[PDB]
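Data block for input-v6.cif (mmCIF, C-alpha atoms and all ligand atoms):
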```cif
data_model
#
loop_
_atom_site.label_atom_id
_atom_site.label_comp_id
_atom_site.auth_asym_id
_atom_site.auth_seq_id
_atom_site.Cartn_x
_atom_site.Cartn_y
_atom_site.Cartn_z
CA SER A 1 68.72 16.69 -173.36
CA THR A 2 69.11 12.96 -172.91
CA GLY A 3 71.90 10.39 -172.74
CA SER A 4 72.02 6.63 -173.38
CA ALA A 5 75.01 4.37 -172.70
CA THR A 6 75.53 0.64 -172.75
CA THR A 7 76.79 -0.97 -169.57
CA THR A 8 78.74 -4.25 -169.80
CA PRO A 9 79.52 -6.92 -167.18
CA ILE A 10 83.20 -7.01 -166.25
CA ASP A 11 83.32 -10.79 -166.06
CA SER A 12 81.30 -13.99 -166.51
CA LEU A 13 79.62 -13.62 -163.09
CA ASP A 14 78.29 -10.06 -163.52
CA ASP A 15 80.47 -9.01 -160.56
CA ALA A 16 80.09 -5.39 -161.71
CA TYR A 17 79.22 -3.40 -164.81
CA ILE A 18 81.29 -0.81 -166.68
CA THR A 19 80.03 2.08 -168.77
CA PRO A 20 82.22 4.22 -171.05
CA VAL A 21 82.49 7.87 -170.00
CA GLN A 22 84.18 10.68 -171.94
CA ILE A 23 86.24 13.06 -169.81
CA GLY A 24 88.09 16.16 -170.97
CA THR A 25 89.02 17.73 -174.30
CA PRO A 26 89.94 15.92 -176.46
CA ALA A 27 87.90 13.12 -174.90
CA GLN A 28 89.59 10.56 -172.69
CA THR A 29 87.31 7.53 -172.47
CA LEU A 30 87.35 5.64 -169.17
CA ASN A 31 85.19 2.68 -168.20
CA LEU A 32 83.45 3.57 -164.94
CA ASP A 33 81.35 1.61 -162.46
CA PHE A 34 78.06 3.51 -162.17
CA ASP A 35 77.15 3.32 -158.50
CA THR A 36 73.74 4.39 -157.19
CA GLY A 37 75.11 3.70 -153.69
CA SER A 38 77.72 6.47 -153.64
CA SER A 39 78.17 10.04 -154.80
CA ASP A 40 81.76 10.53 -155.98
CA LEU A 41 82.97 10.47 -159.57
CA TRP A 42 86.58 9.36 -159.18
CA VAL A 43 89.11 8.01 -161.63
CA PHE A 44 92.47 6.37 -161.93
CA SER A 45 94.75 9.13 -163.14
CA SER A 46 98.23 10.33 -163.96
CA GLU A 47 98.43 11.19 -160.23
CA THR A 48 97.69 7.66 -158.98
CA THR A 49 100.61 6.02 -157.15
CA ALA A 50 102.28 4.00 -159.92
CA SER A 51 102.48 0.74 -157.96
CA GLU A 52 98.70 0.95 -157.46
CA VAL A 53 97.92 1.03 -161.18
CA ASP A 54 97.75 -2.31 -163.00
CA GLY A 55 96.11 -2.15 -166.41
CA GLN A 56 93.52 0.59 -165.83
CA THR A 57 93.07 3.44 -168.26
CA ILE A 58 94.02 6.71 -166.57
CA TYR A 59 92.73 10.26 -166.82
CA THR A 60 95.53 12.77 -167.47
CA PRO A 61 94.24 16.24 -166.65
CA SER A 62 97.32 17.95 -168.12
CA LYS A 63 96.25 16.63 -171.55
CA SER A 64 92.74 18.12 -171.28
CA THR A 65 92.31 21.73 -172.40
CA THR A 66 89.15 22.02 -170.30
CA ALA A 67 90.57 20.60 -167.03
CA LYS A 68 91.02 22.97 -164.11
CA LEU A 69 92.37 22.14 -160.67
CA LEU A 70 89.70 22.66 -158.02
CA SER A 71 92.18 24.36 -155.74
CA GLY A 72 92.37 23.03 -152.18
CA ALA A 73 89.77 20.32 -152.68
CA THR A 74 90.48 16.76 -151.55
CA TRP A 75 88.40 13.60 -151.27
CA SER A 76 88.56 10.30 -149.45
CA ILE A 77 86.04 7.49 -149.55
CA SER A 78 85.56 4.11 -147.96
CA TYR A 79 83.05 1.62 -149.30
CA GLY A 80 81.06 -1.09 -147.56
CA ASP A 81 83.33 -3.85 -148.86
CA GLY A 82 86.32 -2.26 -147.12
CA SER A 83 87.85 -0.74 -150.26
CA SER A 84 88.91 2.89 -150.44
CA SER A 85 90.46 5.65 -152.51
CA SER A 86 91.47 9.29 -152.11
CA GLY A 87 93.02 12.22 -153.94
CA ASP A 88 92.48 15.72 -155.29
CA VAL A 89 89.94 17.23 -157.67
CA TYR A 90 89.67 18.77 -161.13
CA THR A 91 86.66 20.16 -162.92
CA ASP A 92 86.25 19.08 -166.52
CA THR A 93 83.70 18.26 -169.19
CA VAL A 94 82.13 14.81 -168.74
CA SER A 95 79.85 13.09 -171.23
CA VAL A 96 77.83 9.91 -170.84
CA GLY A 97 76.02 8.44 -173.81
CA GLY A 98 75.87 11.80 -175.58
CA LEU A 99 74.82 13.83 -172.49
CA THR A 100 77.40 16.45 -171.58
CA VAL A 101 78.03 18.23 -168.27
CA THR A 102 80.54 21.06 -168.08
CA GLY A 103 82.30 21.83 -164.82
CA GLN A 104 81.84 18.33 -163.38
CA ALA A 105 84.02 17.48 -160.39
CA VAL A 106 86.37 14.71 -161.49
CA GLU A 107 88.07 13.27 -158.43
CA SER A 108 91.60 12.19 -159.32
CA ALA A 109 92.92 9.29 -157.26
CA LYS A 110 96.31 9.60 -155.65
CA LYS A 111 95.79 6.33 -153.75
CA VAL A 112 93.53 3.34 -154.23
CA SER A 113 93.18 0.19 -152.16
CA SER A 114 94.28 -3.22 -153.36
CA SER A 115 90.93 -4.43 -154.66
CA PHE A 116 90.81 -1.48 -157.07
CA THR A 117 94.38 -2.10 -158.27
CA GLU A 118 93.63 -5.79 -158.76
CA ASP A 119 90.63 -5.08 -160.97
CA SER A 120 92.02 -3.93 -164.29
CA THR A 121 88.57 -3.54 -165.86
CA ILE A 122 87.31 -0.67 -163.66
CA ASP A 123 88.87 2.74 -164.30
CA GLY A 124 86.87 4.49 -161.55
CA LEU A 125 83.37 5.06 -160.18
CA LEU A 126 80.55 7.38 -161.16
CA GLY A 127 78.32 7.98 -158.17
CA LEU A 128 74.56 8.34 -158.62
CA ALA A 129 73.33 8.51 -155.01
CA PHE A 130 72.39 11.87 -153.51
CA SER A 131 75.02 14.62 -153.52
CA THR A 132 74.84 14.90 -149.72
CA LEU A 133 77.12 11.81 -149.63
CA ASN A 134 79.83 13.38 -151.79
CA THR A 135 83.17 13.33 -149.95
CA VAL A 136 84.92 16.37 -151.44
CA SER A 137 86.19 18.79 -148.79
CA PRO A 138 85.94 21.66 -147.97
CA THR A 139 83.35 22.28 -150.70
CA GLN A 140 81.06 19.32 -151.35
CA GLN A 141 80.46 18.57 -155.03
CA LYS A 142 77.46 17.50 -157.09
CA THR A 143 77.03 14.19 -158.88
CA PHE A 144 76.91 13.95 -162.65
CA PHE A 145 73.14 13.42 -162.43
CA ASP A 146 72.55 16.41 -160.19
CA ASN A 147 74.58 18.61 -162.52
CA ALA A 148 72.75 17.25 -165.59
CA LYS A 149 69.26 17.39 -164.10
CA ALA A 150 68.15 20.85 -165.14
CA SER A 151 69.12 20.16 -168.77
CA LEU A 152 67.38 16.78 -168.90
CA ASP A 153 64.03 16.35 -170.62
CA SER A 154 62.83 14.65 -167.41
CA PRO A 155 64.78 14.53 -164.12
CA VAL A 156 65.33 10.77 -164.19
CA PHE A 157 67.80 8.06 -165.02
CA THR A 158 67.11 4.37 -165.56
CA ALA A 159 69.13 1.23 -164.93
CA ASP A 160 68.52 -1.78 -167.14
CA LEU A 161 71.23 -4.27 -166.16
CA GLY A 162 71.66 -7.49 -168.09
CA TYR A 163 72.04 -11.02 -166.81
CA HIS A 164 75.30 -12.25 -168.34
CA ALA A 165 74.75 -9.61 -171.04
CA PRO A 166 75.08 -5.86 -171.62
CA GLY A 167 72.37 -3.46 -170.53
CA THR A 168 71.68 0.26 -170.58
CA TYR A 169 71.81 3.42 -168.46
CA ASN A 170 69.52 6.16 -169.80
CA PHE A 171 69.39 9.77 -168.62
CA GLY A 172 66.43 12.09 -169.08
CA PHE A 173 63.84 9.70 -170.52
CA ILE A 174 62.03 6.44 -169.88
CA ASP A 175 62.34 3.93 -172.75
CA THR A 176 58.86 2.43 -172.87
CA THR A 177 60.12 -0.38 -175.16
CA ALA A 178 62.58 -1.61 -172.50
CA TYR A 179 60.10 -3.18 -170.07
CA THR A 180 56.90 -5.20 -169.98
CA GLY A 181 53.69 -4.28 -168.20
CA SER A 182 53.64 -1.13 -166.07
CA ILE A 183 56.17 0.58 -163.82
CA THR A 184 55.31 0.56 -160.11
CA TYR A 185 56.63 3.58 -158.25
CA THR A 186 57.49 3.58 -154.56
CA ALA A 187 58.56 6.26 -152.06
CA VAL A 188 62.19 7.10 -151.43
CA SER A 189 63.82 8.43 -148.28
CA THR A 190 66.92 10.53 -148.85
CA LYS A 191 67.69 10.79 -145.12
CA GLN A 192 70.83 8.61 -145.42
CA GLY A 193 71.76 9.89 -148.89
CA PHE A 194 70.72 6.68 -150.66
CA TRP A 195 67.91 5.59 -152.94
CA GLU A 196 66.26 4.05 -149.88
CA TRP A 197 62.84 2.44 -150.17
CA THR A 198 60.66 -0.21 -148.52
CA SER A 199 59.88 -3.51 -150.21
CA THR A 200 56.50 -4.98 -149.33
CA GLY A 201 57.70 -8.57 -148.88
CA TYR A 202 59.10 -11.67 -150.50
CA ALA A 203 58.51 -15.21 -151.71
CA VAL A 204 60.87 -18.14 -152.15
CA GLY A 205 60.35 -20.16 -155.32
CA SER A 206 56.70 -21.08 -155.76
CA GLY A 207 56.02 -20.43 -152.07
CA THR A 208 53.46 -18.06 -150.66
CA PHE A 209 54.25 -14.36 -150.53
CA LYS A 210 55.18 -13.05 -147.08
CA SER A 211 53.96 -9.51 -146.54
CA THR A 212 56.62 -7.69 -144.53
CA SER A 213 58.32 -4.30 -144.81
CA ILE A 214 61.98 -4.49 -145.82
CA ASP A 215 63.78 -1.16 -145.90
CA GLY A 216 66.80 -1.11 -148.18
CA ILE A 217 68.75 0.70 -150.85
CA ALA A 218 68.84 0.34 -154.63
CA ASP A 219 72.58 -0.01 -155.20
CA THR A 220 73.98 -0.72 -158.65
CA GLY A 221 77.50 -0.74 -157.19
CA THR A 222 76.85 -3.79 -154.99
CA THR A 223 76.93 -7.18 -156.68
CA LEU A 224 74.63 -9.22 -154.44
CA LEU A 225 71.27 -9.02 -152.67
CA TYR A 226 71.70 -8.47 -148.91
CA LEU A 227 68.57 -9.03 -146.81
CA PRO A 228 67.68 -9.78 -143.18
CA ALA A 229 68.92 -13.07 -141.78
CA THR A 230 65.37 -14.38 -141.39
CA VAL A 231 64.63 -13.88 -145.10
CA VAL A 232 67.97 -15.29 -146.26
CA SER A 233 67.64 -18.37 -144.04
CA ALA A 234 64.17 -19.02 -145.47
CA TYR A 235 65.61 -18.87 -148.99
CA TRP A 236 68.60 -21.16 -148.46
CA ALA A 237 66.52 -23.66 -146.47
CA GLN A 238 64.97 -24.57 -149.84
CA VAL A 239 68.35 -25.63 -151.29
CA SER A 240 69.59 -29.06 -150.20
CA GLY A 241 73.05 -28.83 -148.70
CA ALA A 242 73.16 -25.03 -148.51
CA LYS A 243 74.81 -23.57 -145.42
CA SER A 244 76.40 -20.42 -144.10
CA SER A 245 80.16 -20.72 -144.03
CA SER A 246 82.11 -18.39 -141.77
CA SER A 247 85.33 -19.46 -143.51
CA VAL A 248 84.02 -18.49 -146.96
CA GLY A 249 82.07 -15.46 -145.73
CA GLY A 250 78.45 -16.33 -146.43
CA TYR A 251 76.02 -18.86 -147.78
CA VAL A 252 77.35 -21.54 -150.09
CA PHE A 253 75.50 -24.33 -151.84
CA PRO A 254 76.31 -27.47 -153.80
CA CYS A 255 77.13 -26.59 -157.38
CA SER A 256 74.86 -29.50 -158.38
CA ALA A 257 71.78 -27.67 -157.04
CA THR A 258 69.00 -26.04 -159.00
CA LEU A 259 68.24 -22.75 -157.24
CA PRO A 260 64.70 -21.50 -156.61
CA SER A 261 63.64 -18.05 -157.72
CA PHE A 262 63.25 -15.18 -155.24
CA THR A 263 60.42 -12.66 -155.48
CA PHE A 264 60.42 -9.21 -153.90
CA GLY A 265 57.50 -6.83 -153.55
CA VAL A 266 57.26 -3.30 -154.88
CA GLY A 267 53.92 -2.04 -153.63
CA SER A 268 51.38 -4.54 -154.94
CA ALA A 269 53.75 -5.54 -157.77
CA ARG A 270 56.24 -8.39 -157.74
CA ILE A 271 59.73 -8.71 -159.25
CA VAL A 272 60.96 -12.27 -159.77
CA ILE A 273 64.68 -13.00 -159.64
CA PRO A 274 65.27 -16.31 -161.50
CA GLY A 275 67.25 -18.91 -159.59
CA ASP A 276 70.13 -18.77 -162.07
CA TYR A 277 70.74 -15.10 -161.16
CA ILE A 278 71.54 -16.26 -157.61
CA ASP A 279 74.40 -18.56 -158.67
CA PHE A 280 77.84 -16.95 -158.30
CA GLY A 281 79.76 -20.06 -159.16
CA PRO A 282 82.51 -22.05 -157.48
CA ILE A 283 84.04 -20.43 -154.40
CA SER A 284 87.47 -21.22 -155.87
CA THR A 285 88.40 -22.63 -159.25
CA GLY A 286 87.28 -26.26 -159.55
CA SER A 287 85.33 -26.31 -156.28
CA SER A 288 81.96 -28.02 -156.05
CA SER A 289 80.85 -25.45 -153.48
CA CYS A 290 79.17 -22.46 -155.08
CA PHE A 291 78.68 -18.97 -153.66
CA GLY A 292 75.16 -17.66 -153.15
CA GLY A 293 73.83 -14.41 -154.58
CA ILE A 294 71.49 -13.74 -151.65
CA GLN A 295 73.37 -13.05 -148.41
CA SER A 296 72.60 -11.74 -144.95
CA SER A 297 72.75 -8.00 -144.28
CA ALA A 298 73.31 -8.62 -140.56
CA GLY A 299 76.38 -6.63 -139.59
CA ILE A 300 76.15 -4.33 -142.63
CA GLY A 301 73.51 -2.20 -140.96
CA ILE A 302 71.36 -1.82 -144.07
CA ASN A 303 69.61 -4.07 -146.59
CA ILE A 304 70.98 -3.75 -150.13
CA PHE A 305 69.11 -4.42 -153.35
CA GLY A 306 72.24 -4.88 -155.42
CA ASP A 307 72.74 -6.08 -158.96
CA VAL A 308 71.23 -9.55 -158.35
CA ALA A 309 67.89 -7.86 -157.65
CA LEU A 310 68.15 -4.85 -159.93
CA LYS A 311 69.08 -6.85 -163.05
CA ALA A 312 65.71 -8.63 -162.80
CA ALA A 313 63.96 -5.28 -163.37
CA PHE A 314 63.83 -2.07 -165.36
CA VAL A 315 64.53 0.50 -162.62
CA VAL A 316 63.63 4.19 -162.70
CA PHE A 317 65.54 6.57 -160.45
CA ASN A 318 63.21 9.55 -160.35
CA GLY A 319 65.10 12.62 -159.16
CA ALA A 320 62.16 15.02 -159.13
CA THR A 321 61.67 17.29 -156.12
CA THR A 322 60.09 14.35 -154.31
CA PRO A 323 62.25 11.43 -155.47
CA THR A 324 60.77 8.00 -156.12
CA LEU A 325 61.90 4.63 -157.48
CA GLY A 326 60.09 2.71 -160.19
CA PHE A 327 60.33 -1.01 -160.95
CA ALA A 328 59.01 -2.93 -163.96
CA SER A 329 59.48 -6.48 -165.14
CA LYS A 330 61.29 -6.93 -168.46
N1 LIG B 1 77.82 1.04 -153.54
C1 LIG B 1 78.92 0.12 -153.83
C2 LIG B 1 80.23 0.55 -153.18
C3 LIG B 1 81.40 -0.35 -153.53
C4 LIG B 1 81.75 -0.36 -155.01
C5 LIG B 1 83.08 -1.01 -155.33
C6 LIG B 1 83.29 -1.20 -156.82
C7 LIG B 1 84.63 -1.75 -157.19
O1 LIG B 1 85.25 -2.53 -156.49
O2 LIG B 1 85.07 -1.31 -158.34
#
```

Here is the file; what I need is its structure written in the form of structure tokens.
Amino acid sequence: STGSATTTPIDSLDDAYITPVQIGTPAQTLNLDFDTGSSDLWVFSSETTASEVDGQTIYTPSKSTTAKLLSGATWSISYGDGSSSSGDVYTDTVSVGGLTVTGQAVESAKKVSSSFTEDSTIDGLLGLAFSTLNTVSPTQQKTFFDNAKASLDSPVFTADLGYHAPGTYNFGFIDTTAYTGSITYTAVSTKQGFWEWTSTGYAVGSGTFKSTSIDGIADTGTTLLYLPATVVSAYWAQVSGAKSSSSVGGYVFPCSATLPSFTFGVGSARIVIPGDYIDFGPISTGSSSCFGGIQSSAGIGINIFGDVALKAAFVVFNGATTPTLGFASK
């Protein structure tokens, strides 16, 4: 089997991407944030505290003939941005882009934190990291991908995120028309539950490539590119007037600037992030200070190749027995 679904930016800055997912019978379609940095499929639901729902589409398990309470199971998750959610669990039929999994754990939110409530465009998350990170207790549950894997033509999914445009998540096949050149594969460590890999270095603009190992995660659920302070300082030093602002919470730059590109290494290959991908616009409406798309990972504890980096590539998440990650230009 295979699946193919379009993923669409939630706003003009590509702050996140939503992908339609069919849950239950008859289908209830919710727009979920596919997140290769976590491993829970959770949704706004008929059980979510009413004051914490503001415009989201909800899953109502009582209206699904295939929903079954997973008795005794609860979940609770906290993300790196400080947001959180928790609730109980149903199993139901879940389909993505024509690919169907029966008996998928659908985590129904009873509570969500304010940033979820305030974002009316995201109806929940669909985790695509390794199932060892799944938060369901007392019986840990499998991700949609892990449940689908045996049925897939090939045990892979691909992320092809657009810059200010829709893109595609494919399951079970590699679309050889969706990238240019060849795909460079690189080793993955699953020790922390993430798609964790080591970049071979970086360049700033037309500068020389610095060969240096940068361990980090491929995380579709993180907007920005978070790298060591040394690397990020070298980037922003090439932008007149750029500075790190503790009041704003990271690097800002004059909105009048033209940003240089940023290149990262994948083995001997190179992925180039155009400067425009690094512009996240005014810090507040009408401001002439703009927020940078490359930020320091110091204090996070891990480097994160988020959407800013991933959208510059066609990315293969190879879930074979020995997992690997592939990157191609596009
Ligand atoms: N790996 C990313 C974890 C955080 C995702 C948060 C998405 C949201 O606010 O809808």

Residues of chain A at most 6 Å from ligand LIG 1 (chain B): nearest atom pair and distance in Å, all atoms listed in the file, as JSON lines:
```
{"residue": "A:35", "atom": "CA", "partner": "B:LIG1", "partner_atom": "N1", "distance": 5.5}
{"residue": "A:37", "atom": "CA", "partner": "B:LIG1", "partner_atom": "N1", "distance": 3.8}
{"residue": "A:38", "atom": "CA", "partner": "B:LIG1", "partner_atom": "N1", "distance": 5.4}
{"residue": "A:79", "atom": "CA", "partner": "B:LIG1", "partner_atom": "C2", "distance": 4.9}
{"residue": "A:80", "atom": "CA", "partner": "B:LIG1", "partner_atom": "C2", "distance": 5.9}
{"residue": "A:116", "atom": "CA", "partner": "B:LIG1", "partner_atom": "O1", "distance": 5.7}
{"residue": "A:122", "atom": "CA", "partner": "B:LIG1", "partner_atom": "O2", "distance": 5.8}
{"residue": "A:219", "atom": "CA", "partner": "B:LIG1", "partner_atom": "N1", "distance": 5.6}
{"residue": "A:221", "atom": "CA", "partner": "B:LIG1", "partner_atom": "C1", "distance": 3.7}
{"residue": "A:222", "atom": "CA", "partner": "B:LIG1", "partner_atom": "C1", "distance": 4.6}
```

Hey, can you check how far CA of residue 293 (chain A) sits from CA of residue 226 (chain A)?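 Pair CA of residue 293 (chain A) / CA of residue 226 (chain A) returns 8.5 Å.
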
Around (58.5, -1.1, -169.4), as given in the file, which residues come within 7 Å? Count all atoms listed in the file and list them as a ChimeraX atom specification. /A:176-183,314,328-330

Could you save those same residues with C-alpha atoms as a JSON list (two decimals), in the frame of the given file?
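After the write, result_34.json holds the following:
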```
[["chain", "number", "residue", "atom", "x", "y", "z"],
["A", 176, "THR", "CA", 58.86, 2.43, -172.87],
["A", 177, "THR", "CA", 60.12, -0.38, -175.16],
["A", 178, "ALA", "CA", 62.58, -1.61, -172.50],
["A", 179, "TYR", "CA", 60.10, -3.18, -170.07],
["A", 180, "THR", "CA", 56.90, -5.20, -169.98],
["A", 181, "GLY", "CA", 53.69, -4.28, -168.20],
["A", 182, "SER", "CA", 53.64, -1.13, -166.07],
["A", 183, "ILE", "CA", 56.17, 0.58, -163.82],
["A", 314, "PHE", "CA", 63.83, -2.07, -165.36],
["A", 328, "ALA", "CA", 59.01, -2.93, -163.96],
["A", 329, "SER", "CA", 59.48, -6.48, -165.14],
["A", 330, "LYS", "CA", 61.29, -6.93, -168.46]]
```

Quick one: residues within 10 Å of residue 220 (chain A), only C-alpha atoms counted, chain neighbours fewer than 5 positions away excluded, as JSON, numbers by chain? {"A": [16, 17, 33, 34, 35, 36, 37, 38, 127, 128, 129, 159, 161, 304, 305, 306, 307, 308, 309, 310, 311]}

List the residues sitting within 10 Å of (97.3, 9.4, -161.0) in the file's frame, using all atoms listed in the file, as a PyMOL selection string. chain A and resi 43-50+52-53+58-61+87-88+108-112

Write out as a PyMOL selection string the residues lying within 12 Å of residue 321 (chain A), counting all atoms listed in the file and excluding same-chain residues fewer than 2 positions away. chain A and resi 146+149-150+154-156+188+190+318-319+323-324

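Closest approach to residue 295 (chain A) among A:312, A:101, A:214, A:231 is made by A:231 (distances from all atoms listed in the file).
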
Considering only C-alpha atoms, can you say which of A:98, A:292, A:193, A:24 comes closest to residue 63 (chain A)?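 Of all the options, A:24 lies closest to residue 63 (chain A).
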
Could you tell me how far CA of residue 216 (chain A) sits from CA of residue 302 (chain A), in Å to one decimal place?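 The value is 6.2 Å.
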
May I have the residues within 9 Å of residue 264 (chain A) as a VMD selection string, using all atoms listed in the file and disregarding those fewer than 5 positions away in the same chain? chain A and resid 199 to 203 209 269 to 273 309

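Put simply, CA of residue 142 (chain A) is 7.8 Å away from CA of residue 39 (chain A).
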
Residue with smallest distance to residue 187 (chain A) - pool A:175, A:118, A:276, A:215, counting all atoms listed in the file: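 Looking only at the distances to residue 187 (chain A), the closest residue turns out to be A:215.
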
One residue among A:196, A:14, A:54, A:40 is nearest to residue 119 (chain A) when using all atoms listed in the file, and that residue is A:54

Please determine, counting all atoms listed in the file, which residue among A:41, A:189, A:113, A:241 has the shortest atom-to-atom distance to residue 143 (chain A). A:41

Which residues come within 10 Å of residue 158 (chain A), counting only C-alpha atoms, excluding same-chain residues fewer than 4 positions away, as a ChimeraX atom specification? /A:4,168-175,314-318,325-327
